[PDB]
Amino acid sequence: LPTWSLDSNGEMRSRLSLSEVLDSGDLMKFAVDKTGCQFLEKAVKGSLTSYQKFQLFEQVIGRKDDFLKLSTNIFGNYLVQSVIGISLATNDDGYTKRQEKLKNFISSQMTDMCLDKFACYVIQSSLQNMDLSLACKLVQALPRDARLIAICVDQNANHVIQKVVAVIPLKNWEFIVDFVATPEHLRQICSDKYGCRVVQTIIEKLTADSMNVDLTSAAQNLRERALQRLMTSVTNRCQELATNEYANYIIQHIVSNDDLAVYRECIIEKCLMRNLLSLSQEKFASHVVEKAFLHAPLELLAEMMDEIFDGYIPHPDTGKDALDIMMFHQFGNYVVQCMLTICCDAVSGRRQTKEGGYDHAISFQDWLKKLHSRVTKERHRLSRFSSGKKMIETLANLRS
């Protein structure tokens, strides 16, 4: 802090005016000090004369290097966001030059700003506040190479991509969809703590749900094709994604979303079907298997049920079947729990059984009888486990 602004005991004075600071040339020193920047932020919320705005515009967002220094600064980034707001709210003659300048500064340093812990907020702020045409240019400044992967999996920058998806029309960021759909890229991003959320946010945006009813038909077609391209890559590697610690969340989202029913069916027969016993014993894929059971169309549900009850050859020595393995498996037990709950909901009216021009109630009745018969017979061993006790209880609960 400048000595002219400090008192005797070394504290920033109290009757300090915004214009004093703007006239002094010492703003950069204020903006990077906590007390200083705190004063500036209160002061810029108030009434501002045309000249005060003019000075703030030149000093905070007028020169590239001071703009970057403040944007990447723990305190300064708030002053930058605030001055950008004021700039956008000031329809004077210098408006245009001012916003073009801002777009040029950011575009030129896009990657480094997105990866930065503080300047990422400046990017996100600009994306939703700037005129859309200019905001679109910022997106255009995103990298198209390895740096893009790095952006998607970064703890800060991932929020920039999610913001883009939220506030910029698809046409401008379609390159991101196609970038992420390339096999090697899909693998790295989906298998990452932050990347898997980015990919889900993208899928959600590409979904023709009640949030997208505002789109023109032309826009819908654009969305549908981008969705098709991304889903194709997801279905071709879905085995790998379902079994992954992070990417299983994406597959679950797809499987559990009615507005994605066509891709739900694809996934089920592409990697789940015929692998149900195997996947039900996987830490991560078992959650996907539950989702498939909960949301499968009745025709596919019948095949899933049949595969469990009769799709596998019992152990040649003991006679343990699929159901035996799963009921007692550390992960598989949740799947059988899931199967039982589905049937109990169906036969008690808590779940619609009518689908495809037919009432499948007799099918649920059949499956329930199989499960009840197994639980009855194995009730003593099952009593030893929480899962088994829960099943016995579920059946007991149904009787009454």
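Start at 1 with the first residue shown and count on from there.
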Would you tell me which stretch averages the higher CA B-factor in the PDB entry, 112 to 120 or 179 to 187? 179 to 187
Entry B factor averaged over C-alpha atoms, 344 to 352 against 370 to 378: higher for 344 to 352
Among the candidates 171, 197, 237, 137, give the one with the maximum CA B-factor reported in the record. 237
Can you tell me which of 154, 282, 100, 259 has the highest Cα temperature factor in the record? 100
In terms of its chain's C-alpha B-factors, the third that includes residue 309 is the middle
Of the three thirds of its chain by CA temperature factor, lowest, middle or highest, which one includes residue 42? highest
Can you tell me whether residue 290 has a C-alpha B-factor in the lowest, middle or highest third compared with the other modelled residues of the same chain? lowest
Going by the CA temperature factor in the PDB record, which third of the chain does residue 278 belong to: lowest, middle or highest? middle
Chain thirds of CA B-factor: placement of residue 337: middle
